[PDB]
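The structure under discussion appears below in the form of structure tokens.
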Amino acid sequence: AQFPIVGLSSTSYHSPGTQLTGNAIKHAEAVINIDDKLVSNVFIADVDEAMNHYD
Amino acid sequence: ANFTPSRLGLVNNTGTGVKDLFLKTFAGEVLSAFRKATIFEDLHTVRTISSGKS
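Right under this line is the structure:
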């Protein structure tokens, strides 16, 4: 997923007779790559289940 | 011997084996190895428990 980010400006004086061109406000972004799958597992034999006294 | 039969198990009219166009079939009973005499399964004390190692 991408998060765009914005924000800049400028201020200046003007001389009469000339043409204003522009000032550029350029952006960037933040990306969050998705990780792999976390797991948590266990194996219980039936010998231990049969020999046990609780669940 | 007054007839000439139509042998319908012969492959053609020019063979010796009058069988071999017939099929071998399942008899209906399957044999298996005998069960040995287990005399020690009985003649001793048997108990059952629900949990534990001894």
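Chains as they are written, first to last, in the deposited numbering: chain C, 56 to 110; chain G, 2 to 55.
The beta carbon of each residue, even a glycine, is placed where N, CA and C say it ideally should be.
Q) Just curious, the beta strand (DSSP E) that residue 112/C is in, first and last residue? A) Nothing about residue 112/C can be read from this structure; chain C reaches only from 56 to 110.
Subject >> Cβ distance (whole Å) where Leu-32/G is taken to contact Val-19/G below 8 Å >> reply: Rounded, the Cβ-Cβ distance is 30 Å, inconsistent with contact.
>> Pop quiz: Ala-79/C and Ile-60/C are said to be a contact at Cβ under 8 Å. What is the actual Cβ separation, rounded to whole angstroms?
In response: Not confirmed; about 15 Å, so no contact.
How many Å lie between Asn-13/G and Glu-30/G at the Cα?
34 Å
message: Spatial neighbours of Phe-58/C within its chain, please: C-beta separation below 7 Å, excluding the five flanking residues on both sides.
response: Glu-84 and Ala-85
Q) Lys-25/G to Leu-9/G, Cα distance in whole Å? A) 16 Å
For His-108/C versus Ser-55/G, is the C-beta spacing smaller than 8 Å?
no
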